[PDB]
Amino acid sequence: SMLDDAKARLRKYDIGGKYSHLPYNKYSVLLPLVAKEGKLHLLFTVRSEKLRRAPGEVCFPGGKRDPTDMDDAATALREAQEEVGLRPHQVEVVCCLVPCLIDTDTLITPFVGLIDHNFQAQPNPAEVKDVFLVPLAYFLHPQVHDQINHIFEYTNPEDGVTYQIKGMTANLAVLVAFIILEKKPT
């Protein structure tokens, strides 16, 4: 099946807890995969304009580890619940992808999660201005704009709204698309 095939592919790239104890400032993100209309999608957030760090930017759910978290995956799930109402029974964490080093002292660990079909986002407006889906296949043939760094522009066909996706968030989306969609019979 589509979902069993995606999980099998993802597991081959799992690094597990290999880098998890290193003494960094630690953040986790959840890369949430949603199946709709017979295709996989990634779920993104738009950060609230009142946040001091990166207002109005497209981001995956996530945040800083705190002492309650049993592990890095728990960070991702706790933050996703706070931001978009995703409950733990609604997500299966499949793997941990290569972590992202930034600022010399920070390590961001991405987890891919399969999201239940009955989940409906409840954006928490103190943190999230918007939530939207992009088909995973978009990231194989994105609409690129050069600002010099590459920015993706995705237009939702439901409503015509265009979102800019860039940086680590864009990078991770392409990685997941490659992992799941490369070398597939039609």
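Position 1 is the first residue in the sequence shown; the rest follow in order. The term rigid core refers to the maximal set of C-alpha atoms that superpose within 1.5 Å between the two forms.
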query	finding
Greater root mean square CA deviation, 47-55 compared with 128-136 in 8 other deposited structures of this protein, core aligned	47-55
Sequence continuity check, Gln147 and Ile148 (deposited residues unmodelled)	10 or more
Stretch with the higher entry mean CA B-factor, where the candidates are 124-132 and 61-69	124-132
Average Cα temperature factor in the PDB entry - higher stretch of 81-89, 108-116	81-89
Out of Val34, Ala137, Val29, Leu51, highest CA B-factor residue	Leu51
Peak C-alpha temperature factor (PDB record), options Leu22, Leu10, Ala173, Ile15	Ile15
Relative C-alpha B-factor of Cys95, binned into the chain's lowest, middle or highest third	middle
Lowest, middle or highest third - CA B-factor, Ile179	lowest
Cα B factor band for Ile151 (lowest, middle or highest third within the chain)	highest
